[PDB]
Amino acid sequence: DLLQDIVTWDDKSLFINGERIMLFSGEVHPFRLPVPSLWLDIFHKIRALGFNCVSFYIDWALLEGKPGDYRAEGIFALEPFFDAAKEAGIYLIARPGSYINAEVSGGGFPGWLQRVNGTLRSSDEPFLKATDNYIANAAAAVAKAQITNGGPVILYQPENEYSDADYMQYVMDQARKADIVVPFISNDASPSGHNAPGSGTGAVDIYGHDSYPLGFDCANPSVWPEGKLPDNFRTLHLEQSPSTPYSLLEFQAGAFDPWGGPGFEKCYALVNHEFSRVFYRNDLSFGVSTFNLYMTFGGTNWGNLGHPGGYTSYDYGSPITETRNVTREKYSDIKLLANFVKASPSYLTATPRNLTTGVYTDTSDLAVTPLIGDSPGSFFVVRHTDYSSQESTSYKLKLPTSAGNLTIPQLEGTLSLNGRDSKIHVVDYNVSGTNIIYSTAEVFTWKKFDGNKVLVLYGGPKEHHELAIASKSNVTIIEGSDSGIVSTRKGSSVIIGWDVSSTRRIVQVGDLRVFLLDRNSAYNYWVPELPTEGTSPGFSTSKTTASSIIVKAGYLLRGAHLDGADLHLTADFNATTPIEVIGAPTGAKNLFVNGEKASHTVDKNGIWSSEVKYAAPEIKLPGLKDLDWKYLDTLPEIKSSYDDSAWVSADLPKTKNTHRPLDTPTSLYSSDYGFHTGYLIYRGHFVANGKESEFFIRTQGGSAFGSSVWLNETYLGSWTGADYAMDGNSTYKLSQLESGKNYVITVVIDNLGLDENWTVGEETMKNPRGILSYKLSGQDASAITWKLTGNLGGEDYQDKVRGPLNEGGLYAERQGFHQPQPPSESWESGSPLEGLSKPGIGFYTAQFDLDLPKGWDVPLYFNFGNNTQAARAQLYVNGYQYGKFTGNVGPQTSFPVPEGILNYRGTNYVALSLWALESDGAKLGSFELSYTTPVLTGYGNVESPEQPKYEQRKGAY
Ligand SMILES: *[C@@H]1O[C@H](CO)[C@@H](O[C@@H]2O[C@H](CO)[C@@H](O[C@@H]3O[C@H](CO[C@H]4O[C@H](CO[C@H]5O[C@H](CO)[C@@H](O)[C@H](O)[C@@H]5O)[C@@H](O)[C@H](O[C@H]5O[C@H](CO)[C@@H](O)[C@H](O)[C@@H]5O)[C@@H]4O)[C@@H](O)[C@H](O[C@H]4O[C@H](CO[C@H]5O[C@H](CO)[C@@H](O)[C@H](O)[C@@H]5O)[C@@H](O)[C@H](O)[C@@H]4O[C@H]4O[C@H](CO)[C@@H](O)[C@H](O)[C@@H]4O[C@H]4O[C@H](CO)[C@@H](O)[C@H](O)[C@@H]4O)[C@@H]3O)[C@H](O)[C@H]2NC(C)=O)[C@H](O)[C@H]1NC(C)=O
Ligand SMILES: CC(=O)N[C@H]1[C@H](O[C@H]2[C@H](O)[C@H](O)[C@H](O[C@H]3[C@H](O)[C@@H](CO)O[C@@H](O[C@H]4[C@H](O)[C@H](O)[C@H](O[C@H]5[C@H](O)[C@@H](CO)O[C@@H](O[C@H]6[C@H](O)[C@H](O)[C@H](O[C@H]7[C@H](O)[C@@H](CO)O[C@@H](O[C@H]8[C@H](O)[C@H](O)[C@H](O[C@H]9[C@H](O)[C@H](O)[C@H](O)O[C@@H]9CO)O[C@@H]8CO)[C@@H]7NC(C)=O)O[C@@H]6CO)[C@@H]5NC(C)=O)O[C@@H]4COP(=O)(O)O)[C@@H]3NC(C)=O)O[C@@H]2CO)O[C@H](CO)[C@@H](O)[C@@H]1O
Ligand SMILES: *[C@@H]1O[C@H](CO)[C@@H](O[C@@H]2O[C@H](CO)[C@@H](O[C@@H]3O[C@H](CO[C@H]4O[C@H](CO)[C@@H](O)[C@H](O[C@H]5O[C@H](CO)[C@@H](O)[C@H](O)[C@@H]5O)[C@@H]4O)[C@@H](O)[C@H](O[C@H]4O[C@H](CO)[C@@H](O)[C@H](O)[C@@H]4O[C@H]4O[C@H](CO)[C@@H](O)[C@H](O)[C@@H]4O)[C@@H]3O)[C@H](O)[C@H]2NC(C)=O)[C@H](O)[C@H]1NC(C)=O
Ligand SMILES: *[C@@H]1O[C@H](CO)[C@@H](O[C@@H]2O[C@H](CO)[C@@H](O[C@@H]3O[C@H](CO)[C@@H](O)[C@H](O[C@H]4O[C@H](CO)[C@@H](O)[C@H](O)[C@@H]4O[C@H]4O[C@H](CO)[C@@H](O)[C@H](O)[C@@H]4O)[C@@H]3O)[C@H](O)[C@H]2NC(C)=O)[C@H](O)[C@H]1NC(C)=O
Ligand SMILES: *[C@@H]1O[C@H](CO)[C@@H](O[C@@H]2O[C@H](CO)[C@@H](O)[C@H](O)[C@H]2NC(C)=O)[C@H](O)[C@H]1NC(C)=O
Ligand SMILES: *[C@@H]1O[C@H](CO)[C@@H](O[C@@H]2O[C@H](CO)[C@@H](O)[C@H](O)[C@H]2NC(C)=O)[C@H](O)[C@H]1NC(C)=O
Ligand SMILES: *[C@@H]1O[C@H](CO)[C@@H](O)[C@H](O)[C@H]1NC(C)=O
Ligand SMILES: OC[C@H]1O[C@@H](O)[C@H](O)[C@@H](O)[C@H]1O
C-alpha cells in the first residue's frame, strides 16, 4: 500500500526523500481561529519550539451547512493554511474525518445528518452517500497540497478513533479517489491494534494511537494519582504493529473543560511543565518517532462551533494559549526537549529496551529505560519509579560505554533527580566527529560552526553533573569562574564535573566548546535555521538543521536569515532583552533586529552581543460602561401583537430521526426542519376549553442548556440549567383560561451544540434539540399546533461569511442586527449593566474606536462580572459571536477576542443578548474590556477578515 516514493518508512521511523525524520508535531485547528492572517503566527511559534510538523482537523459541519453546497472560503479557506505551513517550513498531517470528535458540534457532523436514514459511522449506504460531497471537496484540497506536488501534507488520517471494517475501507478508498497518495495513519483511542496493518479490511498504512494518562478532571492540579504513567507502550507496540514506526497521534498537552468545570488555569496547572518533561521523555523511552501534542494551540469555540460538553474557550491549558501567547513554562520546557530530538539523529536508531530498576542505578526508586542500537550511541531515560514522587533523589549511574562500564560521577559528587523531573543521559554521543563518552546533563543542541563545535548542556537547579570527552586536548574555562568545576584526564579521555549555576560557564576542549547552563536560562535559547536566500527556512532537513545558529533572546525568536553580510533576527519581546548570537558565519558583519540595524559587540570568544529595550506603550481602552448603549427587545414573540404566520410549521407526522421516535403528535425536533444552531423558539397555538390547570414540557438543548416559557404574555417559569442536564422536565401551574379564546405558548431553548458520536452504533449525535414531549392538562396534545424557528433560512443560512453556525434564532439575529452598523439610532438607551426587570431577552448594541500602536501584539478580553443570577448572554464582535456567558453555570468570565476580529486602529461594533431566566429580571454585574502584557512583535500587519455590515434581509420575521 505504498503509493509514492517521497514518504516511506521502516520499523524505526518515517523517511522523507530517503532520509529519516522524527516528526515532533502539534495540533492546530484553523477553524478555531477565524483570522487567516494570524495562522502564520501559530506556525512560527510551533517551529520555534523545535517542531517540524502540525496536525489538523477539518470540520465538516462548518463547510457544508447546507446539504450539497460545499463552501470553504474566507475564514474557512484551506489554502492559506497550507501556504502558511509551507512558508514556515512545517509538514502537515491532515485529519479530515468525516467524523473528527474534536469537542466540536456534532463531532464534525452537520445537523442535517439527523435526517439521514442510516447508522452513523457505518457502511450503511445512506450514511456513506451523505459524506461523499464533503470528502470529494475537502480531500481534493488536501491533495493539491501533498508533498508529492511540493506541498506540506505528508500524512493522512482517515476517520477518528474508530471502534463494520467495511466502513473504514470505504473512507480510505474515498480519499484515494480524491488523489490522496500519501500514507494513511490511524489514531486508536487506546493501544489495542484497531485497524493496524494486518487487521484485514480497513487496515491503515501506519498504526497510531492516542493517550491522555491524566484524563480531563482538572479539579486537583497538584495531584498525580498512582499508576497513571504508561510503562508498557513499547511492549504493546511490538505486539500490535512491529512493522511500522511507533506513533502517538495525540498525546496529552492539556485538557478540555466542560460547562461548570474548574477552568483552563487548573487544566494548565495539572498538565504543566513537569508533566511535559516527565511524560514526554517517557514517550521517547518507547522510541516514538511520530509524536503529536493535542492541543498545542487551542483557540476558541466561537460561533457555536463547539459541542455541549464544552464552553466558548478552547484554551485547553495548551503550550500556546488562547490569546496565542507563549508565557507558560510548559512551552519553554517542551522547547528544550524538541531541540534535543532535532539535534540527535541517533535517537531513531537507538533501539528501546525494557525498563529497569536497580540495574543502572543503585536505587530501585528510579527507573531507567535504556535506548541501545546496533552501533555506538545510546540514551538512558531516568525518572522516579513512582512517577508522581515529589522526592528529591540522589544517585549514581553505572553505564556501559565505549570506554567500558563506568560509574558516574567518576570524580566528586552525586547526581540528583528533584521531584517531578526526568533526564535523558547520553552515552557515546557524536558531536560532529568528536565523541562525548557520556554526559549526565541533558543536551539542548550542538552545531559545527565550521572549525569550532558547540555543545549546549543544561541541568535543573542545585544539581551536580559530569561529562567525558574522547580527546587528547587540555581543558580551558573561557567564560565564568572555575568555581565548582573539576577536571582530570583518564587515559585518552577528559573528564569534567560541574555544579549547575545561574551564571553560564563555557569550557573549551580542543575545537569543542561546551556551554553549561541552568534550566531556566536555557529556556531563553533558540536554534533557528539560517537561510541564505529568502526568509523562509524551508522544510526540516538534516542540511537545514546543520546550518542553524544558536541565539539567546527572550520571549520569542521567529527566525533568522543571512542577507550577504547582514545577520537578521526576527523576534518578539515582552521585557528588556539581552541578545547573543552564537555561531555567526564568517561573512557576517552586521546585526539587524526586526528590520532595524542594531548595535552589537563581539567578545573574546567571538559571541555577538546586543540588547533590545522594552517600554510598555500607553494602552487606551474605552470603559464599556461609559459607551452609548442601545437596547432592543429581542423577544417580541411574547407580546400579543406578534405575527408568526411566516414561521415554518412544525407539522411533520413522522420524524426522520432514526434514533428517537416521537412522543408528540408532530416532530418538534429542530433538525427535522433544518435548524441546528443557536437559540430556538417554539410557538404552540391552541383554543382554550377552560379545563386546563397544568402545562408539562420536556425540553432539550444539550448539557447546561436553559429554557423559558410564556403563556401569551404571562411568564410560567424557566429550566434554569445545570452542567449534567442535557434535557429538562418542567411542570407549570395555570390559573384558569378563558374558554374559547386563542392562546399561544412560547418556548425559548438554548442549544449548546449537537453531541459527538464517540461510540459507533450508539448514535448520540442524533440526540434532537427542541421539545421532547408535553402535556396540556385537560386538553388533547394534538389540540396544540406548533411553529418553530432557529437561524433565519435554516440550512439556507444567511451569513456565508461567518458560516452556518454563527447566528441563532433570536429576532435580533434573524434581522442581522448583531452585525456592524446596526439600525440602532431609533433604539432606546439602555445598558446591559442595568439590564432587565422581568423575564425576557434584551439586545444591546454599541460601537467604540480603538487606536492601538502598530508593532505591538496585545491580548484583549471582554470581562463579565459574576452576580450569580440565572442569566445567559451572547457576545458579538463585529458580527462574530465570541462568547456564551451563563451566570449560574460558569466558569467562563473572561472572553478573549483576537486582532482581526477586533479592529485595532478603527471602529468596532459590539452586540450583546441578555436573557433573564428569573422573575426579578437580570443584569451584568460589570462589563470591562481589559488587556495583558503588550508584546513588541516582529510579525507583520494583521489583516482583518470580512466583517459584513447589517443589511435588511429578504423575508426576515
Ligand atoms: C458565578 O458564581 C456562581 C456561584 O459561585 C456559580 O454558580 C455555581 O456554578 C456551579 C458550577 O456549575 C454549580 O455547581 C454545579 O451544580 C450542578 C447542579 O446541581 C444540581 O443538580 C444535581 C441534580 O442531579 C442529581 O439529581 C437529579 C434529580 O434531582 C438526577 O436526575 C441526576 O442525574 C442527579 O442524581 C444535584 O446533584 C444538585 O443537588 C445539590 O443541591 C441541592 C439543593 O441545594 C441539594 O438538595 C442536593 O442534595 C445537592 O446538595 C443540584 O440539585 C452539579 O451537577 C454540579 O456538580 C458537579 O460538580 C460538583 C463539584 O463542583 C465543584 O467543584 C468543581 C470541580 O470539581 C467546580 O468546577 C465547580 O464549579 C464546583 O466548585 C460535584 O460535586 C458533582 O459530582 C459534579 O461533578 C462533575 O463535574 C465536576 C466539575 O466539572 C467534575 O470535576 C466531576 O468529575 C464531575 O464531572 C462529571 O460529570 C459532569 C456533569 O456533572 C460532566 O460534565 C463531566 O465531564 C463528568 O462526566 C455542580 O455542583 C452551582 O450550582 C452554581 N451555584 C449557584 C449558586 O448557582 C457560577 O458558575 C459562576 N458563573 C460564572 C460565569 O463563572
Ligand atoms: C519580501 C519581503 O518583504 N520579505 C520580508 C518578510 O515578509 C514576509 C511576510 O511575513 C508575509 O507573511 C509573507 O507570507 C506570504 C507568502 O509569501 C505568500 C506565498 O506566496 O502567501 C501569503 O498570503 C497569501 C495567502 O496565502 C492567500 O494566497 C491570499 O490570497 C488572497 C488574496 O490576497 C485576496 C485578495 O483580495 O483574495 C483572497 O480571496 C478572497 C477573495 O478576495 C474573494 O472576494 C472572496 O470573497 C468571497 C467570500 O469569502 C465568500 C464567503 O463565503 O462569499 C463569496 O460570495 C458568495 C456569496 O456569499 C453568495 O451568496 C453566493 O451564493 C450563491 C452561490 O454562489 C450560487 O451561485 C447559488 O446559485 O446562489 C447562492 C446564493 O446564496 O456564493 C458566493 C460564492 O462566491 C465571496 N465572493 C464574492 C465573489 O463576493 O474571499 C476570498 C477568500 O477565499 C485570497 N485568498 C484566497 C484563499 O484565495 O494572499 C495572501 C498574500 O497577501 P499579501 O500579498 O497582502 O501579503 C503570505 N502572507 C501571509 C499574511 O501569510 O512572507 C513574506 C516573505 O516575503 O518578512 C521577513 C521576516 O520579518 C522580512 O525579514 C522580509 O524582508
Ligand atoms: C514574558 O514572557 C516570559 C516567557 O518568555 C514569561 O516568563 C514565564 O513566566 C511564567 C509565569 O507566568 C513562569 O512560570 C512560573 O514560574 C514559577 C516558578 O519559578 C520558576 O523559576 C524559578 C526561578 O526563578 C525556579 O526556581 C522554578 O523552578 C522550581 O519550581 C518548579 C515549580 O515548582 C519546579 O518544577 C522545579 O523543579 C524547580 O524546583 C520555576 O522554574 C512557578 O511558580 C509557576 O508555577 C506555578 O504555577 C503553575 C501554574 O500556574 C503550576 O503548574 C506550578 O506547579 C507552580 O505552582 C506551584 O506553586 C503553587 C502556588 O501557586 C502551588 O499551588 C503548586 O503546588 C506549585 O508548587 C510558573 O511555572 C515561567 O518560568 C517564565 N518563563 C521564563 C522563560 O522566564 C513572563 O511571565 C513574561 N512577562 C510578562 C510581564 O508577561
Ligand atoms: C496568556 O494567555 C492566557 C490565556 O489566554 C491569559 O490568561 C487569562 O488572563 C485573563 C486576563 O488576565 C484571566 O482573566 C482574569 O483572571 C483573574 C483571576 O481569576 C481575574 O481576577 C480577572 O478578572 C477581574 O479583573 C478584570 C480586570 O483585570 C476585571 O475586568 C474583572 O471584572 C475582574 O474584576 C476583579 O476586580 C474587581 C475589582 O477590582 C472585583 O470586583 C472582582 O471580583 C475581581 O477581583 C480576569 O478574569 C483569565 O483567567 C486567563 N484565562 C485563562 C484561560 O488562562 C494570560 O493573561 C496571557 N498572558 C499574557 C502575559 O498576556
Ligand atoms: C393570546 O395571544 C394571541 C396572539 O398571540 C391573541 O390572538 C388574537 O386573538 C384575536 C381574537 O381571537 C384575533 O382576532 C387576532 O388575530 C389574534 N392575534 C393574532 C396575532 O393571532 C389572543 O387574543 C390572546 N388571548 C387572550 C385570551 O388574551
Ligand atoms: C426527565 O424525565 C425523564 C423521565 O420522564 C428522565 O428520563 C429517564 O431517565 C431514567 C434514568 O436516567 C431512564 O432509565 C428512563 O428511561 C428515562 N425515561 C424516559 C421516558 O426517558 C430524565 O432523566 C429527566 N430529565 C432530567 C434532567 O431529570
Ligand atoms: C519491563 O518493563 C515492565 C513495564 O513494561 C516492568 O514492569 C518490568 O519490571 C520490566 N522488566 C524488567 C526487565 O525489570
Ligand atoms: O480533547 C480530547 C481529544 O480526545 C482524542 O482522543 C480525540 O481523538 C480528539 O478528537 C479529542 O476529542
Side-chain angles (χ1 to χ4, degrees), residues 45 48 218 220-224 227 229-238 264-278 282 285-286 317 321 323 325-333 335-336 352-360 364 367-370 385 390 392 416-422 459-463 500 502 518-526 553-557 571-577 614 616 660 663 696-701 703-705 707 719-731 772-773 775 859 931-936:
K45 293 171 167 161
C218 299
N220 303 97
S222 68
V223 183
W224 287 7
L229 177 122
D231 55 38
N232 66 335
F233 280 177
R234 151 65 42 164
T235 302
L236 290 176
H237 172 66
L238 297 176
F264 287 116
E265 229 67 82
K266 286 167 94 182
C267 286
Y268 173 73
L270 178 63
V271 191
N272 61 357
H273 67 289
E274 296 178 323
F275 180 98
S276 47
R277 70 188 183 192
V278 172
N282 186 57
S285 93
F286 300 136
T321 73
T323 49
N325 73 64
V326 293
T327 59
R328 288 165 174 168
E329 185 162 347
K330 180 171 56 197
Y331 181 90
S332 292
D333 165 66
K335 169 173 78 181
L336 300 194
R353 312 294 178 164
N354 204 102
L355 97 62
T356 64
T357 43
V359 172
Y360 300 101
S364 285
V368 181
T369 306
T385 300
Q390 287 282 22
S392 139
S416 313
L417 194 68
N418 296 323
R420 283 162 188 183
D421 194 13
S422 181
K462 300 166 179 177
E463 289 173 13
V500 177
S502 58
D518 72 312
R519 183 199 289 132
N520 294 72
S521 295
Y523 280 168
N524 286 317
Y525 285 59
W526 311 84
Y555 182 71
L556 175 69
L557 204 285
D572 288 33
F573 305 92
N574 74 345
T576 285
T577 306
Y614 171 104
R660 188 190 193 282
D663 298 343
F696 164 77
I697 191 170
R698 188 181 185 187
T699 52
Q700 185 151 282
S703 51
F705 89 107
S707 59
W719 172 264
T720 244
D723 70 331
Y724 75 98
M726 74 253 78
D727 68 310
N729 298 295
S730 300
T731 301
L772 295 190
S773 67
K775 192 181 106 182
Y931 75 97
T932 57
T933 306
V935 166
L936 190 68

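Side chains are part of it too, since the values below use all heavy atoms of this structure and drop only hydrogens, waters and symmetry mates. Along the sequence shown, residues carry numbers from 1. Numbering of ligands and ligand atoms starts at 1, following listing order.
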Atom 1 (C) of ligand 6 protein-contacted (non-hydrogen atom, under 4.0 angstrom): yes
Is it the side chain (CB and beyond), the backbone, both or neither of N729 that lies under 4.0 Å from ligand 6, heavy atoms counted? side chain
In short, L355 meets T357 closest at the heavy-atom pair CD1-CG2, 4.4 Å
Are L270 and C267 close enough that some pair of their side-chain heavy atoms sits under 4.5 Å apart? no
Does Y268, backbone or side chain, put an N or O under 3.5 Å from an N or O of ligand 3? no
Who's closest to atom 79 (C) of ligand 3 heavy-atom-wise, of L556, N574, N418, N325? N574
Which distance, rounded to the nearest 0.5 Å, do you find between the CZ of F275 and the CG of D333? 11.5 Å
Among protein heavy atoms, which lies nearest atom 27 (C) of ligand 6, and at what distance? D727 O, 3.1 Å
Give the residue, atom name and distance (to 0.1 Å) of the protein heavy atom nearest atom 65 (O) of ligand 3. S222 CB, 4.4 Å
Protein heavy-atom contact under 4.0 Å for atom 8 (C) of ligand 6? no
Would atom 76 (O) of ligand 3 count as contacted, meaning some protein heavy atom under 4.0 Å? no
In terms of atom number and element, which parts of ligand 7 are under 4.0 angstrom from non-hydrogen atoms of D231? 4 (C), 5 (O)
With a 4.5 Å cut-off on side-chain heavy atoms, are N520 and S502 touching? no
Drop me the distance from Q700's CD to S773's OG, to the nearest 0.5 angstrom. 10.5 Å
For atom 21 (O) of ligand 6, the protein heavy atom that lies nearest, with its residue and separation: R698 NH1, 3.3 Å
Hey, is atom 7 (O) of ligand 7 touched by any protein heavy atom at less than 4.0 Å? no
In the complex you have, is atom 83 (O) of ligand 3 within reach of the protein, judged by whether a heavy-atom distance drops under 4.0 Å? yes
Any protein heavy atom < 4.0 Å from atom 55 (C) of ligand 3: no
For atom 14 (O) of ligand 7, closest protein heavy-atom neighbour: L355 O, 3.7 Å
Any protein heavy atom at under 4.0 Å, with atom 4 (C) of ligand 6 as the reference point? no
Look at atom 5 (O) of ligand 3 and say which protein heavy atom is nearest, naming residue and atom and giving the distance to 0.1 Å. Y555 CA, 3.9 Å
So is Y523 polar-close to ligand 3, meaning N/O to N/O under 3.5 Å? no
Is it the case that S416 and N418 place a side-chain donor and acceptor less than 3.5 Å from each other? no
Going by distance alone, is a donor N or O of one side chain under 3.5 Å from an acceptor N or O of the other, for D518 and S521? yes
Evaluate the criterion side chain to side chain contact (heavy atoms under 4.5 Å, CB included) for residue pair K335 and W526; output intermediate values, then yes/no. CA-CA 8 Å; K335 169 173 78 181; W526 311 84; 3.2 Å; yes
Give the ring-plane orientation class for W719 versus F705, where under 30° counts as parallel, over 60° as perpendicular and anything between as tilted. parallel
Evaluate the side-chain proximity of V935 to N325: yes if any heavy-atom separation is below 4.5 Å, no if none is. no
Inter-residue atom distance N232.CG - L238.CG, 0.5 Å rounding: 11.5 Å
For a 4.5 angstrom cut-off between non-hydrogen side-chain atoms, does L557 reach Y525? no
Closest protein heavy atom to atom 38 (C) of ligand 3, given as residue, atom name and distance to 0.1 Å: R519 NH1, 4.4 Å
So is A269 in contact with ligand 3, going by heavy-atom distances below 4.0 Å? yes
If you scan protein heavy atoms around atom 53 (C) of ligand 3, the nearest is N272 ND2, 3.9 Å
CG (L556) and CG (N524) are apart, to the nearest 0.5 Å, by 11.5 Å
Quick one: look up the protein heavy atom nearest atom 31 (C) of ligand 3 and list residue, atom name and how far away it is. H273 NE2, 3.8 Å
State, to 0.1 Å, how close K330 and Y268 come at their nearest heavy-atom pair, and which atoms those are. N-OH, 3.1 Å
4.0 Å protein heavy-atom contact status of atom 11 (C) of ligand 6, strictly under: no
Heavy-atom contacts under 4.0 Å between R328 and ligand 3: side chain, backbone, both, or neither? neither
Would you indicate which of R420, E265, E329 comes nearest to atom 40 (C) of ligand 3 when only heavy atoms are counted? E329
Does the protein place a non-hydrogen atom closer than 4.0 angstrom to atom 25 (N) of ligand 6? yes
Nearest protein heavy atom to atom 61 (O) of ligand 3: under 4.0 Å? no
Do protein heavy atoms approach atom 67 (O) of ligand 3 to less than 4.0 Å? no
Would you verify that at least one protein heavy atom lies under 4.0 Å from atom 12 (O) of ligand 3, or report that none does? no
Name the closest protein heavy atom to atom 34 (C) of ligand 3, giving the residue it belongs to and the distance to 0.1 Å. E274 OE2, 3.6 Å
Flag the pair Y555 / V326 as yes when at least one side-chain heavy-atom distance between them is below 4.5 Å, and no otherwise. yes
What distance separates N354 CG from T369 OG1, expressed to the nearest 0.5 Å? 8.0 Å
Show your reasoning for whether side chain to side chain contact (heavy atoms under 4.5 Å, CB included) applies to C218 and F264. CA-CA 8 Å; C218 299; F264 287 116; over 6 Å; no
Pairing donors with acceptors under 3.5 angstrom, does anything connect the side chains of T933 and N574? no
Could you pull out, from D572, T327, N520, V271, the option with a heavy atom nearest to atom 20 (C) of ligand 3? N520
Could any protein non-hydrogen atom be found less than 4.0 Å from atom 24 (O) of ligand 3? no
Give me the residue, atom name and distance of the protein heavy atom closest to atom 1 (C) of ligand 7. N354 ND2, 1.5 Å
Is it the side chain (CB and beyond), the backbone, both or neither of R277 that lies under 4.0 Å from ligand 3, heavy atoms counted? side chain
Does the protein put a heavy atom under 4.0 Å from atom 28 (O) of ligand 3? no
What distance do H273 atom NE2 and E329 atom CD have between them, rounded to the nearest 0.5 Å? 4.0 Å
